[PDB]
*Asks:* 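Here it is: the structure, laid out below.
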Amino acid sequence: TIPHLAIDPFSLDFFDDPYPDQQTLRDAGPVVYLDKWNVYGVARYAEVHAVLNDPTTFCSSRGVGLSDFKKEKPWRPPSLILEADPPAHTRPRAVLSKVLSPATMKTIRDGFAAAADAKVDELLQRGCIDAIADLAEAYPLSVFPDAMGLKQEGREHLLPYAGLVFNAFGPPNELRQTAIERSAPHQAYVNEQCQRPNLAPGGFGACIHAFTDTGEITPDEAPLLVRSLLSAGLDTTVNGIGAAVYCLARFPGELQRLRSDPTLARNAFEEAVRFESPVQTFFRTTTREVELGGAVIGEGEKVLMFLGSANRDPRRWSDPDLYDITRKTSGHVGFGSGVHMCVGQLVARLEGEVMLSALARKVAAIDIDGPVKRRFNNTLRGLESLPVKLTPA
Ligand code: HEM
Ligand SMILES: O=C(O)c1ccc(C2CCCCC2)cc1
Ligand SMILES: [Cl-]
């Protein structure tokens, strides 16, 4: 009944060009079995959306990586929010939601926008830049660690730590095992910055700790919640912004539409998140026997969701393989869906918006002018290097 495929979605070959294999996964059926890792897979929009929106059946507390926490030891203590189910999930979620709220966005927006404009001005002075190191990485590094309240020293640990986190959701292949064996100094740095004294007044970290007397979280929960933001909050945005620049670089017609109306900046970023899906995959674990897309899945089974595939499913999208900055994007699953839907999406969208706004106002053309190199990660899709010439408006 369920088709068995030998495709390895965590192989370098797959990362290098996932789109044909994603169609093969979609068209094989609503539910497939991946013999390579003994997991179920769903690659169509409908089943991905259904799985995300039934957290009781498709739980997160047994891990959202390949590893089943019921069978193996987690590589680090479980996240109090990502790797928790309701009801344990609910209060920590509410705290991060309030920390990363509308009001907070108002407090940081001017600074984020100023930093974006400044960066683009700087890059225009150079002309030929690497849109990954010099923009997609440099810009979030120039705003997010400060917004967290982190000291300057040690910040070089942040991207390596995130690379590790996202590789660790994968199977135990070379990417994952290499990441873990290099991890000790990055874990040590992160865990230390999560303590209250090390987080500057007014930043996200301090704000999490301040919530520890409302009864929503205890003081001993705050460091792990700071840890959540230091795991999730930087490398995601690097690859979201890199995706957007890469799209504008390949679709100059859409860059020209964006220039003509910079208020399209926020939807141009959202469309990039759909189109590239910086977060490609992650898992749920079944808590009972369940019927999904006409297939029966047993209890205690890992289910791999292909978010990127769902976001290109022609069953859901018209011209899914086109970058269209006026597309109606609502419903894409690039930020997830349901109770775990990205709690930092307002920060992500703010960064993406103000960067694309700066590009929209200051740059006339973005031309790739060197070899493009891809970065491999078990969960993240993005580039290592994107050489571009920026022409000033
Ligand atoms: C373009 C950037 C981003 C993308 C594409 C993205 C994507 C996602 C997705 C797909 C999920 C759902 C995971 C699941 O269902 O298991 C998620 C959750 C989460 N994200 Fe984001 N994210 C981004 C940026 C951020 C930022 C900037 C922050 C923090 C400042 C953040 C913090 C979190 C946290 C803490 C969760 C867990 C939420 C929960 O379990 O309730 N993310 N993100
Ligand atoms: O430590 C945490 O709580 C944590 C770590 C990583 C993430 C990722 C965000 C992007 C989608 C996949 C999960 C979310 C939360
Ligand atoms: Cl850690």
Side-chain angles (χ1 to χ4, degrees), residues 48 51-53 55 58-61 63-65 74-86 88-97 99-100 104-105 108 136 140 143-145 147-148 157 161-162 164-166 168-169 180 183-194 204-205 208 223-244 269-270 272-274 276-284 305 307-308 310-311 332-353 355 378-382:
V48 166
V51 167
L52 290 166
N53 281 281
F58 300 99
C59 81
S60 294
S61 66
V64 300
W75 74 273
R76 62 176 186 163
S79 170
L80 294 186
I81 182 177
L82 181 72
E83 287 160 346
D85 300 317
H89 170 254
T90 305
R91 288 167 209 166
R93 169 76 184 203
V95 168
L96 291 189
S97 195
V99 169
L100 299 181
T104 307
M105 293 313 99
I108 63 179
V143 291
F144 181 72
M148 283 298 303
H157 288 284
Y161 185 74
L164 156 69
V165 171
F166 284 92
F169 297 125
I180 278 154
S183 63
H186 309 314
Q187 299 186 74
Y189 159 81
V190 170
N191 285 334
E192 188 55 31
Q193 307 327 301
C194 290
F204 300 156
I208 291 170
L224 278 215
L225 285 174
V226 176
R227 196 192 73 175
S228 288
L229 297 192
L230 300 180
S231 308
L234 181 67
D235 207 8
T236 49
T237 66
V238 167
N239 288 286
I241 291 161
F269 180 70
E270 203 72 12
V273 170
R274 178 200 71 82
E276 285 301 328
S277 291
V279 176
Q280 287 280 289
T281 50
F282 47 82
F283 296 84
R284 298 292 194 251
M305 295 169 294
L307 298 189
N311 282 337
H332 81 79
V333 292
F335 289 113
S337 184
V339 304
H340 292 275
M341 186 179 177
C342 181
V343 70
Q345 67 183 358
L346 302 187
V347 177
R349 287 181 183 131
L350 178 54
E351 291 184 21
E353 182 198 345
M355 178 52 74
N378 279 329
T379 305
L380 290 169
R381 173 171 201 71

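We number each residue from 1, following the sequence as shown. Any value given below was found using the heavy atoms of this structure, including those in side chains, with hydrogens, waters and symmetry copies removed. In listed order, ligands and their atoms are each counted from 1.
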*Asks:* Can you tell me how far CZ of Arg349 sits from CE of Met105, rounded to the nearest 0.5 angstrom?
*Replies:* 11.5 Å

*Asks:* To the closest 0.5 Å, what do you measure between SG (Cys194) and CE (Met148)?
*Replies:* 7.0 Å

*Asks:* Can a donor-acceptor pair be found, under 3.5 Å and without considering hydrogens, that links the side chain of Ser231 to the backbone of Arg227?
*Replies:* yes

*Asks:* Please work out, at 4.0 Å between heavy atoms, whether the side chain, the backbone, both, or neither of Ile81 comes within that distance of ligand 2.
*Replies:* side chain

*Asks:* At a 4.0 Å cut-off, with the gap strictly under it, does some heavy atom of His340 reach an atom of ligand 2?
*Replies:* no

*Asks:* Could you list the atoms of ligand 2 found under 4.0 angstrom from a heavy atom of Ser79?
*Replies:* 1 (O), 2 (C), 3 (O)

*Asks:* Examine the proximity of ligand 1 to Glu351 and report which part, side chain or backbone, both or neither, has a heavy atom under 4.0 Å away.
*Replies:* neither

*Asks:* Nearest heavy atom to atom 7 (C) of ligand 2: which of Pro278, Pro78, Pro92, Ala232 does it belong to?
*Replies:* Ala232

*Asks:* Distance check, rounded to the nearest 0.5 Å: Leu96 atom CG versus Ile81 atom CD1?
*Replies:* 4.5 Å

*Asks:* Looking only at protein heavy atoms, which one is nearest to atom 1 (O) of ligand 2, and what is the separation?
*Replies:* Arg76 NH2, 2.9 Å

*Asks:* Nearest 0.5 angstrom please: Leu350 CG to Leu100 CG, how far?
*Replies:* 11.0 Å

*Asks:* Counting only nitrogen or oxygen atoms and a 3.5 angstrom limit, does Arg227 reach ligand 2?
*Replies:* no

*Asks:* Has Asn311 got a side-chain atom pairing as donor or acceptor with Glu276's backbone, closer than 3.5 angstrom?
*Replies:* no

*Asks:* Under 4.0 Å from a heavy atom of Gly233: give me the atoms of ligand 1 that qualify, with their elements.
*Replies:* 26 (C), 27 (C), 28 (C), 29 (C), 30 (C)

*Asks:* Just jot down the ligand 1 atoms closer than 4.0 angstrom to any heavy atom of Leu82, in number order.
*Replies:* 13 (C), 16 (O), 40 (O)

*Asks:* For ligand 2, which atoms have a heavy atom of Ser231 less than 4.0 angstrom away?
*Replies:* 1 (O), 5 (C)

*Asks:* Going by heavy-atom distance to atom 8 (C) of ligand 2, choose the closest among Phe166, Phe282, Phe335.
*Replies:* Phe166

*Asks:* Over 60° means perpendicular and under 30° means parallel, so classify the ring planes of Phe169 and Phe166, tilted if in between.
*Replies:* perpendicular

*Asks:* Does some side-chain heavy atom of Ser60 sit less than 4.5 Å from a side-chain heavy atom of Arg284?
*Replies:* yes

*Asks:* Would you call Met341 a ligand 1 contact, heavy-atom distance under 4.0 Å?
*Replies:* no

*Asks:* Relative to atom 11 (C) of ligand 2, which among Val279, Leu96, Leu380 owns the nearest non-hydrogen atom?
*Replies:* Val279

*Asks:* Among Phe204, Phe58, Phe144, which one has a heavy atom closest to atom 30 (C) of ligand 1?
*Replies:* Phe144

*Asks:* Do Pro185 and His157 have side-chain heavy atoms sitting under 4.5 Å apart?
*Replies:* yes

*Asks:* Heavy atoms only: which of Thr236, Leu224, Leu82 is nearest to atom 15 (C) of ligand 2?
*Replies:* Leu82

*Asks:* How far is atom 8 (C) of ligand 1 from its nearest protein heavy atom, and which residue and atom name does that atom have?
*Replies:* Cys342 CB, 3.8 Å

*Asks:* What protein heavy atom is closest to atom 6 (C) of ligand 1, reported as residue, atom name and distance in Å?
*Replies:* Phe335 CD2, 3.7 Å

*Asks:* What residue and atom, counting heavy atoms only, is the protein's closest point to atom 32 (C) of ligand 1, and at what distance?
*Replies:* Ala232 CB, 3.4 Å

*Asks:* Hey, is the main chain of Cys59 close enough, under 3.5 Å, to the side chain of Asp85 for a donor-acceptor pair?
*Replies:* no

*Asks:* Which ligand 1 atoms, with their elements, are less than 4.0 angstrom from a heavy-atom of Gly334?
*Replies:* 5 (C), 7 (C), 10 (C)

*Asks:* Using 30° and 60° as the class limits, which term best fits the ring planes of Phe204 and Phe144: parallel, tilted or perpendicular?
*Replies:* tilted

*Asks:* Going by the order shown, which atoms of ligand 1 are within less than 4.0 Å of some heavy atom of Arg93?
*Replies:* 38 (C), 39 (C), 41 (O)

*Asks:* Which option out of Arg284, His340, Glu83 puts a heavy atom nearest to atom 16 (O) of ligand 1?
*Replies:* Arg284

*Asks:* Within the side chain of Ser97, is there an N or O that forms a donor-acceptor pair under 3.5 Å with the backbone of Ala94?
*Replies:* no

*Asks:* For ligand 1, which atoms sit closer than 4.0 Å to a heavy atom of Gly336?
*Replies:* 10 (C)

*Asks:* Do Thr379 and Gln280 touch side chain to side chain, with heavy atoms closer than 4.5 Å?
*Replies:* no

*Asks:* More than 12 foreign heavy atoms under 6.0 Å from CZ of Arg76: is that the case here?
*Replies:* yes

*Asks:* Return the residue, atom name and 0.1 Å-rounded distance of the protein heavy atom closest to atom 34 (C) of ligand 1.
*Replies:* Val343 CG1, 3.6 Å

*Asks:* Which protein heavy atom lies closest to atom 13 (C) of ligand 1, and at what distance to 0.1 Å?
*Replies:* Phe282 CZ, 3.5 Å

*Asks:* Using heavy-atom distances, let me know which of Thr236, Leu52, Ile81 sits nearest atom 2 (C) of ligand 1.
*Replies:* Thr236

*Asks:* Donor-acceptor pair, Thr236 side chain versus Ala232 backbone, under 3.5 Å?
*Replies:* yes

